[PDB]
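One structure is given here, and the rest of the page talks about it.
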Amino acid sequence: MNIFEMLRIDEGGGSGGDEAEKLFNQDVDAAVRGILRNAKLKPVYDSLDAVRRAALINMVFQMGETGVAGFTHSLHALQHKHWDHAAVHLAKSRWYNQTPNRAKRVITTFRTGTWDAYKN
Ligand code: NI
Ligand code: NI
Ligand code: NI
């Protein structure tokens, strides 16, 4: 499991072949670039382990860099590895209430630092 496999599960997968996967990879790259150029997201990203880095990329892939950067309080919790504190707030969001199954997987990934939520 990795960010690409993770996002394929959360997003559709399937449609379009190697040309479609170029667009997918480009969107993953754009998400990472969005993180690394944002003053609020980069220090969080830098502090995170490889598994939780994927979780953050996932959020930015879905909502965009400006959207994710709006989670100021949760991002602070993530930066100091207070996973449960972050989880409480992230679960109370437009994001969660619009895509609850995906958001729960992403949040659980933040909580555990494992890929267990994607083993199903
Ligand atoms: Ni602080
Ligand atoms: Ni602490
Ligand atoms: Ni709080």
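Ordered as shown in the structure tokens, chains take letters A, B, and onward, while each chain numbers its residues from 1 and ligands are numbered from 1 in the order shown.
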### Task
From a DSSP calculation on the backbone, collect every residue of chain A in alpha helix (DSSP H) and output the set as a ChimeraX atom specification.
/A:3-10,17-37,42-47,50-63,65-69,72-79,83-90,94-98,100-112
### Query
Once you count only C-alpha atoms and all ligand atoms, which residues end up within 12 Å of ligand 2, and could you hand them over as a PyMOL selection string?
chain A and resi 76-86
### Task
Excluding residue 110 (chain A) and residues on its chain fewer than 2 positions from it, collect all residues at most 12 Å away from it, counting only C-alpha atoms, and give them as a PyMOL selection string.
chain A and resi 48-59+74-75+77-79+81-88+90-91+103-108+112-117
### Task
Enter the distance from CA of residue 21 (chain A) to CA of residue 44 (chain A), in Å, rounded to one decimal.
27.9 Å
### Query
Which is closer to ligand 1 than all the others in A:109, A:120, A:47, A:99, using only C-alpha atoms and all ligand atoms?
A:47
### Nearest-residue call for residue 63 (chain A), choices A:43, A:17, A:12, A:34, using only C-alpha atoms
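Of all the options, A:34 lies closest to residue 63 (chain A).
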### Message
From the options A:37, A:92, A:66, A:4, which residue's atoms come nearest to residue 22 (chain A), counting only C-alpha atoms?
### Response
A:4
### Query
Mind pulling up the distance from CA of residue 64 (chain A) to CA of residue 93 (chain A)?
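Taking CA of residue 93 (chain A) as the start and CA of residue 64 (chain A) as the end point, the length is 15.2 Å.
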### Message
Using only C-alpha atoms and all ligand atoms for the distances, tell me which of A:31, A:40, A:89, A:119 is nearest to ligand 1.
### Response
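The answer is A:40, which sits nearest to ligand 1.
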### Message
I need the residue nearest ligand 3 from this list: A:71, A:24, A:95, A:45. Use only C-alpha atoms and all ligand atoms for the distance.
### Response
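Checking each candidate against ligand 3, we get A:71 as the closest.
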